[PDB]
Every structure is written in C-alpha cells, then in structure tokens.
Amino acid sequence: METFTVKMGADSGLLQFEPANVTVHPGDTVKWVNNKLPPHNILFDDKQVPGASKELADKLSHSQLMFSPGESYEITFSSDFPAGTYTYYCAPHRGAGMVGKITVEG
Amino acid sequence: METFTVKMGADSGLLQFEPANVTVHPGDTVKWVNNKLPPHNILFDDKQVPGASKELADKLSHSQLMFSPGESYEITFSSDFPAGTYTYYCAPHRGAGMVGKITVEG
Amino acid sequence: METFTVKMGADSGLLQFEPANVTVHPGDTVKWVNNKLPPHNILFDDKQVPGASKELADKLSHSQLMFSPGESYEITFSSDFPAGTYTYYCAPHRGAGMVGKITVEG
Ligand SMILES: [Cu+2]
Ligand SMILES: [Cu+2]
Ligand SMILES: [Cu+2]
Ligand SMILES: [Zn+2]
Ligand SMILES: [Zn+2]
Ligand SMILES: [Zn+2]
Ligand SMILES: [Zn+2]
Ligand SMILES: [Zn+2]
Ligand SMILES: [Zn+2]
C-alpha cells in the first residue's frame, strides 16, 4: 500500500493541487497537505464520484477550511471503493481552477 | 413514480425555488435544476425534517454551491422516509427568503 | 442523565462558547443555544475527536449557520461514543478564538 502526498497550493504560489491527478490502487491512501496560500478545502460533488453516490462524496469531502501550514487530511481508497474517477475541487479557489482527480484503478 | 422538477431561481429572476412547495409520494424523486441567478444550494436543518434526524437532514442537504446553468441534484423520497414536511433553504439567498418545503404524504 | 447548556456568544457580547469546556458522562446531552452575536456554527474537525473518525466528526458538526435567537442544537454523547476530548469551533468567529471542548469521561 502507498501514500500519495498532494500539496494544496504549489511551492511557487500557484493555486493548484500538486499533483492534480493521482492514480491509486485499492488500499492506497491520499494525503492532502496544506502547502501555500491557505485556506483550502477538498470537495467531491455527488455526481463526481463513481456511481454518483452522495453518501460517498459527502464522506470523502473535507468541506471544513484548512488554514494551518501542514494541516493534513487522508482518505484510504479501500477495497470497497468503486473503480473510476473521483473529481474534487477547492471552494475558495474554484474560480482559479484549483481542482484534482483521483483515479481508483479498475 | 414521478419526478418533480424544482427550478432554483425563477425565469424572471426572482430568488425562489419554483415551485416552493411540492407534495411527493414514497418512491417519487425531486430534481432541483439550476435556473437563474446562481449559485444556489439546498439545506435542510436537522430540526426541519420529520423526527428531527440530523443524519437524515445532512444526507438530504446539498450544501455545496451549484454554479453552472442546468446543474441538478435529485433526492428519491423512498419508502423508508418518514411522512411529514421537509423544509429547506438556499444559504446564499436565505435573506431573500429563498426557501422550500417537500411534503412526504402520510 | 444531564443536559449541559452551552451559550453561543456570552451575555456581554464576547465571541465565545459559554462554558467553553464541559465534561460529560455517557448518556448526557450538550445543548448549544444561540445567545449573542449570531450567526454561529459548531465544527469538529476529523482530527479533533477521539480516534480521528471523520464520520463521527461530520455527524457531530452543525456546519449550517445558526441565525435566530435561541436556535439550538443538541448532541447526546451516548454509550458508544469514545472517551476523550472533542474540540470544536465556530467558523464565523474562528479568528476570535470562538472554540470549545467536550470531554467524554473515561
Ligand atoms: Cu485552494
Ligand atoms: Cu439561491
Ligand atoms: Cu461564533
Ligand atoms: Zn498503489
Ligand atoms: Zn451536486
Ligand atoms: Zn407521486
Ligand atoms: Zn440545526
Ligand atoms: Zn452526567
Ligand atoms: Zn480535517
């Protein structure tokens, strides 16, 4: 099992998740870490996860704003997660296109 | 089973859900569709659903802001939903009285 | 079983939960009541509840803003709640340090 670190805010100051796209395998963890230009958060819309389960998208969403440097949030995409793409965004920086995509391999 | 379309924002530009009040039967779906003056969202307070279940109100709430024209969200009020009134509102337009009510018939 | 009333906003106008720290026993209820300077809400971060369960923190969080005088929200810390500290904050007044802590006794 691997852990993928996603920086929220690039080192240079770009309002992006870095890296934006990550492919994971069942059991892998994605760890988001507050990097530059907080606050950020991590939203998955109900229609943006495989099978469009609102329960799933809600449980994955960290809608609470993250302010502190190095503040982190992790999701383990375990065996019961459906394969497909999970597209997320940062609410504060939606206008800037601060978005990402986790692919659970099938 | 029927699907009731609720417009978020009237065609004229009134900040309302149209229609604001809908009566549904078990198995029916309510589909909210982004119509005018986005963003909107759909919040049910824990005390505003029958039996005051916070778990139920949370699961029905689409708190994520909806920005795009025609963006939609649906809830199927299935057999296990308690009869009674489910009162919701739009956070951005709470001040304008952008509110609605779904009645599940008993 | 006891109910602990926590005022959101002190009578004087301080932006605090009063009292900020409460110790509860299994079966006890905490009732938050809108007191001064609304809106307030009540957020528990996933890492701020015992065992860091995001499901638990989400279910305890009343993220919807509370505007009306006397508007209340209750949580019963029942037998299945893990012992330890549950640290929460108000989003609008995070900058002012409007924070609290519920201790479930073990
Ligand atoms: Cu951001
Ligand atoms: Cu609205
Ligand atoms: Cu407050
Ligand atoms: Zn892997
Ligand atoms: Zn949605
Ligand atoms: Zn019907
Ligand atoms: Zn409430
Ligand atoms: Zn007690
Ligand atoms: Zn968190």
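Lettering of chains follows the sequences in order, A, B, ..., and the numbering in each one begins at 1. Side-chain atoms are counted along with the backbone in the values below, which use heavy atoms only and exclude waters and symmetry mates. Ligands are counted one by one from 1 in listed order, and the atoms in each one are counted from 1 as well.
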In short, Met1(B) meets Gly27(B) closest at the heavy-atom pair CB-O, 3.6 Å
Shortest non-hydrogen pair, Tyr89(A) vs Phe17(A), comes out as C-CE1, 4.2 Å
The Zn ion (ligand 7) is nearest to which N, O or S atom of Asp45(B)? OD1
Closest to the Zn ion (ligand 7), among the N/O/S atoms of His62(C), is atom NE2
Which pairs of donor and acceptor atoms, one on a side chain in residues 69-76 of chain C, lie under 3.5 Å apart (sequence neighbours left out)?
unit_1: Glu71(C); atom_1: OE1; unit_2: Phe67(C); atom_2: N; d: 3.3
unit_1: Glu71(C); atom_1: OE1; unit_2: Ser68(C); atom_2: N; d: 3.1
unit_1: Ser72(C); atom_1: OG; unit_2: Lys47(B); atom_2: NZ; d: 2.6
unit_1: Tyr73(C); atom_1: OH; unit_2: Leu60(C); atom_2: O; d: 2.7
unit_1: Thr76(C); atom_1: OG1; unit_2: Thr29(C); atom_2: OG1; d: 2.8

Can you classify the ring geometry of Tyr86(B) versus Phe44(B) as parallel (below 30°), tilted (30 to 60°) or perpendicular (above 60°)? perpendicular
Which residue pairs satisfy the side chain to side chain donor-acceptor pair (under 3.5 Å) criterion with at least one member in residues 17-28 of chain C, sequence neighbours excluded? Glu2(C)-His25(C), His25(C)-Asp28(C)
Residue pair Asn35(B) / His40(B), side-chain donor-acceptor N/O under 3.5 Å: no
Do you see an N/O/S atom of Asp46(B), backbone or side chain, under 2.8 Å from the Zn ion (ligand 7)? yes
Within less than 2.8 Å of the Cu ion (ligand 1), the count of protein N, O or S atoms comes to 4
The criterion is side-chain hydrogen bond (donor to acceptor under 3.5 Å, both in side chains); which residues satisfy it with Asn41(A), sequence neighbours excluded? none
